[PDB]
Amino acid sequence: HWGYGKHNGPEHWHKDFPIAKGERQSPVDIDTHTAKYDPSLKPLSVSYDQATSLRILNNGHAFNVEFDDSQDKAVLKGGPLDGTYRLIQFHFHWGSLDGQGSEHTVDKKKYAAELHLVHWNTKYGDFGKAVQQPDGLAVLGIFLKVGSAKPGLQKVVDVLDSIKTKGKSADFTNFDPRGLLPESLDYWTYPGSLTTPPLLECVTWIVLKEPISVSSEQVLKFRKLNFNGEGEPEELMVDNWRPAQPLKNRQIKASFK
């Protein structure tokens, strides 16, 4: 199956997922000088006060902190979005070294990692129906740089030892995602897709300009995870990021300056 290795990596995905060479694929490089301020954008609203996490899972590609989305809690709206989008899960993409790891890039700069908070448009009933629509999903992307530790990320870092291999999961309740947000909500936005197979083009990307800082120790533990399942040759879970894709006919809008 698909992965990030030499024989099943990003350059191979198009064979089983033709949309990989589509017209609105993600991620993309964000040319800050070409991005245009858009006054038509309404204030971005991130309301995670009632967010209820359920568990954390190593799916062999990354680890997902899943949330209970059966009720109107943890919602993203405003900005380029029409209606309400509900948080369903978040995960990260990171590198084998601090100099790489992010999927989106800023003026070609690669950050150490990137956090993806996934939300589905509530007008579609559920996530399954949402991914069949051009505006079914909204992913809030946040860059991670190595420096000071991010207090709010430690609970995630400490449970990773219990889900080292593919298929393992652990209870992960009462985690507050607000502890992973930077100060400013300044962002860039554009229409894109999932960055992992099936690469569906149903995503409105909202990428924050301000990255959060995490310690070398915290990201080092991310790199201790495995892509493989238990009892299999160990393949460290690193560099699970897709490189920048062609922008084609899309414009990146800025919410600031």
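Rigid core: the largest C-alpha set superposing within 1.5 Å between the two forms. The numbering used is simple: start at 1 and walk along the sequence shown.
- With each structure aligned by its rigid core, the stretch whose Cα atoms sit farther from this model in 4 other deposited structures of this protein, between 37-45 and 24-32, is 37-45.
- When the mean C-alpha temperature factors of 138-146 and 181-189 are read from the deposited coordinates, 181-189 comes out higher.
- The deposited model assigns a higher average Cα B-factor to 38-46 than to the other stretch when 38-46 and 202-210 are compared.
- Ranked by C-alpha B-factor against the other modelled residues of its chain, residue 15 falls in the highest third.
- Compared with the other modelled residues of the chain, the Cα B-factor recorded for residue 52 ranks in the highest third.
- Placement of the Cα temperature factor of residue 90 within the chain: lowest third of the modelled residues, per the deposited record.
- Residue 101 sits in the lowest third of its chain by CA B factor, as recorded in the PDB entry.
- Split the chain's modelled residues into thirds by C-alpha temperature factor. Residue 172 is in the highest one.
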